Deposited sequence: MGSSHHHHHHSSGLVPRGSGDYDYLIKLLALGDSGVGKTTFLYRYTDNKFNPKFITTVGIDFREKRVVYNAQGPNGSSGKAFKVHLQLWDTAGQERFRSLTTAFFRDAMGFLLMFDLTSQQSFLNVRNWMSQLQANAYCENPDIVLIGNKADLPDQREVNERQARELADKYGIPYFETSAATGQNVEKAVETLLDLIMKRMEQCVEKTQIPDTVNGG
């Protein structure tokens, strides 16, 4: 290969991220890195004098936090592009993305991962509840291409990914 290009799928649960990548790729097996996180409690019986109360302390703790940090770090490591995903049938999924993309830190021209905004499930027109001219707006406001895609159909899937490949490669040329 010439270049190895890392991309991330980003978006809320249920938005179709995993179905998206299956559609585009389609490749029997793929590697997973996985770990156990959790919570637990303990108890202690104690007496508190206000008067003289019988109190049950149940104390909680997290487990696996560092192991999960590493995973998130490995995920973001060296990412060149974001497949930025909301649900074309969920106005909440679209609002969350907007909120997220406004608490985004600016970067120098070259460190700045390219972003392509994606409205998924365009093959469920009946359940649609997201204004497509309102989507265009968020795209335009950040100079970001937008696409309406179907992980079902295949509609725009290849084209979205490739459009982001373009951005990355142009940018790479500009920073060599």
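Stretches of the deposited sequence lacking C-alpha coordinates, numbered from 1: 1-21, 72-79, 206-217.
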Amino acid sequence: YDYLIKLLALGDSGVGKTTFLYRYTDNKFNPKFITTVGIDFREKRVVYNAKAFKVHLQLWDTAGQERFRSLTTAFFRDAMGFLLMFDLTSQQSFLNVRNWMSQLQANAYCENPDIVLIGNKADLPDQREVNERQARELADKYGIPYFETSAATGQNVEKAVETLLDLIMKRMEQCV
From here on, numbers count along this sequence of modelled residues.
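If you average the C-alpha B-factors over 90-98 and over 73-81, the higher value belongs to 90-98. Across the two stretches, 151-159 and 15-23, the PDB entry reports the greater mean Cα temperature factor for 151-159.
Comparing the listed residues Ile34, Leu59, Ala50, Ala63, the entry records the largest Cα B-factor for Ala50.
Per the deposited record, the Cα B-factor of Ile144 falls in the highest third when ranked against the other modelled residues of its chain. Per the deposited record, the Cα B-factor of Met169 falls in the middle third when ranked against the other modelled residues of its chain. Compared with the other modelled residues of the chain, the Cα B-factor recorded for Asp114 ranks in the middle third. Placement of the Cα temperature factor of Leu4 within the chain: middle third of the modelled residues, per the deposited record. Annotation for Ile39: C-alpha temperature factor in the lowest third relative to the rest of the modelled chain, per the entry.
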